[PDB]
Amino acid sequence: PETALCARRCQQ
Amino acid sequence: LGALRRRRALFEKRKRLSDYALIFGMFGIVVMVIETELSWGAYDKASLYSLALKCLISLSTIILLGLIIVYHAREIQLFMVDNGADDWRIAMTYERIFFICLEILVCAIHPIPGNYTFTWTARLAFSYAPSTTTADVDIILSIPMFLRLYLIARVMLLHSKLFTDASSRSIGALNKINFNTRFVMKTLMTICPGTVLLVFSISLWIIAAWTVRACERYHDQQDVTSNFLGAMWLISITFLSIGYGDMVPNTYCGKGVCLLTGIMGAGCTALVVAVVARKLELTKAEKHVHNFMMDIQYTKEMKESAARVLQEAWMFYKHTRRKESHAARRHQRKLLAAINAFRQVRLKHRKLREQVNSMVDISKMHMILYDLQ
Amino acid sequence: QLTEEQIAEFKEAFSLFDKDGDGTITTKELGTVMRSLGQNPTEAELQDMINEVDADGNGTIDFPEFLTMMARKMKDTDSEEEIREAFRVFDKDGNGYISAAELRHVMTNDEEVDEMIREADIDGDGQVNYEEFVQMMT
Amino acid sequence: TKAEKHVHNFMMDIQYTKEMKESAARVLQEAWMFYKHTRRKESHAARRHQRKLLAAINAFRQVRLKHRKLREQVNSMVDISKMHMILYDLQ
Amino acid sequence: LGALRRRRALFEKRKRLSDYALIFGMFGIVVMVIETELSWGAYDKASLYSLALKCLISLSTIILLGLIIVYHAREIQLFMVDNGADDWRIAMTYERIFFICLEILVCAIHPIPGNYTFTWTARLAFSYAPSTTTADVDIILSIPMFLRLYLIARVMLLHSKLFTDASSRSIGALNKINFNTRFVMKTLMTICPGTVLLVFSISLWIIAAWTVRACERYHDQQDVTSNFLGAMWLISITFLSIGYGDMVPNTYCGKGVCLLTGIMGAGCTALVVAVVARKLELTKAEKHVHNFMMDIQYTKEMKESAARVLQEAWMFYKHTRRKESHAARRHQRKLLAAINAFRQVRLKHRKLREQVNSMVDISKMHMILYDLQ
Amino acid sequence: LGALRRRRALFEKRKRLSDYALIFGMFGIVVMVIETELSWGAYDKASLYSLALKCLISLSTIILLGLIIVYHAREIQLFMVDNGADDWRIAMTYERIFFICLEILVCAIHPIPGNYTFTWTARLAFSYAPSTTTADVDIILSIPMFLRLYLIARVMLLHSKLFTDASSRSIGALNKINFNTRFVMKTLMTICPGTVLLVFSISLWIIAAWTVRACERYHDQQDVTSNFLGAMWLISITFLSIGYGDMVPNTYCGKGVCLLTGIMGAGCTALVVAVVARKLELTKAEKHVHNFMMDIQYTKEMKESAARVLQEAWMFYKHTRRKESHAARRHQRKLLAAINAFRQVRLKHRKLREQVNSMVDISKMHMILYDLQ
């Protein structure tokens, strides 16, 4: 994930 | 007079049958919740604890359907009494038959004994990665079982005191009042508006939390929305419309319960605020006491406000005669502030008197009319 | 006797009920105070409620009688008023004397009520009055 | 509605009247039961029947007050219609 | 007369004991906040600076419990004076004893001196990965200490002027009013409704933000919600039901405070709006001035609107007599527009007079009735 | 009469100075927006276009402060005229001096010419990674420049017709009305309640979106919330309290503006709903027309409803006499449904007539009182 939005959502 | 005895006998039978329809209607729901929870971990759907627990739901549905059929047989007979008919076919309208079939269809949806499965394919949330499971067919028949709660409303109506009391029927006929199920709802919202909304909110909380958990448990591998406290937190911020978004259902069943809760919680919170704002308002008798005590307070405040007006005026005169420029100016500022403070309290006393004379307007009119008699 | 602050505040309340300052609460002053509070009391009810605390029977409420009324009304719940109201609702006919028939009727909502009548009829007049009711209540 | 409120307030008044009859019945029932045990020299029994009597008096006061509040609401809503009747009489 | 001296004396002692129970009740809360914030970084839970600060909470709890016990003994003595009883046992009901023990239990929950630990296993938000920490047992006892704020309601009620004043007791007795804690609450919401909701909201903001930070600090290795300015942001977007969802608590403690803020904020914002909407409304004396000036303005507008009707009507005639087709056509469109503008102002003037006559209806009735006298 | 000429002379000077203070107050804000948006782009903070554009803000602040000082000197002179004082020192209270210095402090915050920088360390959102940047000192002095909008309220009050008109002042004195800035606010909310809430919402939209963009641009490299249309989309979903959470500001300046918009939007939408709900209500003159036409319709419905009652009653008799069991049964179901239909329209007509009498109650009282005269 380039941005932290994608890091947080793909983990949840 | 002959129809009065029959009408009372038939009403007692209808009330008794509605009580048994709620006992078997709620028993099947309770066993459904027990069987649904245990069939996940304790045993499997091909066990003898599931064939013996789904035959209790099936047997209770057979007896419940019999009580629904017999209840409507008493309603037909009561129709033939009130409307003075002799053939039951005169009561068989297209609206009554539709509602007879609707109640039977609603009360016949239960987990059938046997191991049946279907392929449930849902796309997860956020990642939107496909997931597939061989979910059982007994999950799409257990959720509709919550529609049997309509028997609660029928029991509340039939058990209502004014629904059958001859004192209330005679008075209601004078005002042309129809004692239907809407009247009972409206009277409940006037007697106990807060208890009805609190009981409904808590009941919807547990039922929606269990429904989301029962639907999400197939497509949840991290006990996130399939936990009871993870679904009681998911459906708590939808009722309040906070919508954090950290947890959302992965399926279209948990998304239809979040949607339903959002609609219900949009209006229930507004109605609760209306009830709360109506219980924090002084009554017409407590407002006369409050205004009476405020008037006494304002009269005493005007005595001390006008006392300061003259006290500072004379202190200004005393220092002026003594030829003290700084002291005279210091007390002239105090005199101006004392006059402004006296004006402020005099205006707020005027406002109170106007408010007093606005709530004793129609009552004063009665006194004048009594004198003219 | 009462302290200075209590006497001062009770005098303030009495003067609130006594506009003319003559030292006695005429029934007109009580009536106008009640009317200023949103109530509409008739002359009969006003006179009935003004002689409840009027000890000497002069027809007006001086300071000692107002003090007695305040001592009765300062508590949150007054037992005498509730006993009087229960006696009133017991007396359907309104004549001031609850007959034995009324005493039996109010319990259906045989020997026990007869024992109550026997033990409450202190003067043996064949019936129960307000004084007997308050004696049995206490 | 304006007509359903009058029916509700009329049936509430009958309910409160019956509640006051049963609440005042308990006031005297516990008052005499207190007197019966006191005359029999039962300290604990008399004490319990004095707690019950005090609770019965408070309960009778509560139903008496809520009945008074209902009568205030009934009179407040039926004010202008009563005014019309008086005005017709003056004609 | 004898019981008046003893009732006033026992009320003064009860009022004095209520003040001291708030002095020690709030002091223990303050020392709890100091010790909670300092035992994190400044020292450790097995220090002599923590055994000496948690013994101040313990010492203040013993004194607070003594003041609660003595206060309730004064209530028993007051009951025996009012009800006329002579034996304290007549006052010991099942409802009074339950509340005596409830206040003792609420006021006895404080951080006990010592170093006791428990294993706190939580699951971080947005990933639901396990996180286990050894947390002190003094965090599950510090949060309940905020339940001592119920003593503020007791102090406010006993210090109320009309609760003991003989002028208000006599006037309230005529209207059969009950001077309880609910009456004080309702009078507060009428006198200063915007000072009660603003103080409550700000106090809740500070208390809830600290409670969230205190719980969300054993399971926060990023200083996200364990920051005080990061806990105030969380509480504020939940009070206003925005719910950004960028920060949610990782523990059930923080999730419980955020759920309590959502419930309070749903109603507090609605109540505040009604206050700001009842203060932006013209009073019954300012509406009459506004309507008086509107009537003068509309009369002047009608004079100038009818002047334009005739001015364009003659301008149309002047050009028509001069045989100017285009000029007459232009002055007829203006005349029709001028007539429509004249109708619009005349209609809105009629509407205003309708409103003026609607407000002055019952007051005009009083004048007629006075004349008939 | 002499002070009447001086009071009107000083009021015209105050109105003239308030207009020029708003001209220069808004000029400094406009140049601030131009210089802020260009320093990020066209030129840098060390250029000759920034020394020449920040000297326009500084020069306009000097003139604006001069007009604020002179305006308050006119209010001091007007005080000495109204209150009949001879020394201005009697007009110098502690509340007036504080408010004079408060306005000067508010109006003196502008970007000083020169290149001064400070280190801005902020923690990004959703990742909480530190980001240190060398921010200019003219960003913490440009945002407070929006506090000069308080001059708009002063200009609206001083330009209001009823604030100075001798016809409105004389009428207001009879009703003891105070013509202050609160009265102007209340009259605006009654004349045009929707225009006031629509201009405020749109003006707040542009001002807050620019403030978020200006603050949240030193810590933005993906052009997400440093974009005007990205900031205008973040603010709108906070005003409506939707709160997607897709974008949240990274700074404390953007987080204090989203909170400010959330508070304002919580009440503005509630006030707007009330306005739109007070305009959809039929007026007292349109309800009489609607009720009159409903009464005509119900009378026509009763004629046709009772016509069907007798039509099916005779059709039942015709087939019964012809000995047609099925045909008679069908026409008895239709007769029963026709009777129920007749009852329903008769009940809804009685309800309308009761509603007509409820509104026409006091007007009927007036006619009776006229007759007694």
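The chains carry the letters A, B, C, D, E and F, assigned in the order they are written, with residues numbered from 1 in each.
In the analysis below, contacts are C-beta pairs under 8 Å (C-beta built on N, C-alpha and C of every residue); 3 or more make two chains touch, one makes a residue touch a chain.
In UniProt terms, the chains line up like this: C = Calmodulin-1.
Listed candidates were B-E or B-F; the one reproducing the E-F interface, defined as more than half of contact pairs identical by residue number, is B-E. Of the two chain pairs examined here, A-E and D-F, the one linked by more C-beta pairs in contact is D-F. Inter-chain centre distance (chain B to chain F, centres taken as mean C-alpha positions): 33 Å. Distance from the chain B centre to the chain E centre is 23 Å, each centre being the mean of its Cα atoms. Averaging C-alpha coordinates per chain places the centre of chain D 35 Å away from that of chain E. One inter-chain figure worth recording: chain B and chain D are separated by 29 Å, centre to centre, where each centre is the mean of the chain's CA atoms. The set of chain E residues that touch two or more partner chains comprises 83, 126, 128, 167, 171, 175-176, 178, 241-245, 270, 285, 362, 365, 369, 372.
Residue positions 8-9, 12 of chain A are each in touch with at least two other chains. Residues of chain C in contact with two or more other chains: 16, 37-38, 77, 79. Here chain D touches chain E in the complex through residues 47, 50-51, 54-55, 65, 68, going by the rule given at the top. For chain C in complex with chain D, the touching residues are 77, 79, 82-83, 85-86, 89-90, 106-107, 109, 115-116, 119-120, 133, 136-137. Contact residues on chain F toward chain B in their complex (touch as defined above): 83, 85, 87, 89-90, 93, 176, 178, 243-245, 329, 332-333, 336-337, 347, 350.
Interface residues of chain D, counted against chain C in their complex, comprise 18, 20-22, 24-25, 27-29, 31-32, 35-36, 39, 53, 57-58, 60-61, 64. Per the touch definition, chain C reaches chain E in the complex via residues 1-3, 6, 9-10, 12-13, 16-17, 33-34, 37-39, 67-68, 70-71, 73-77, 79.
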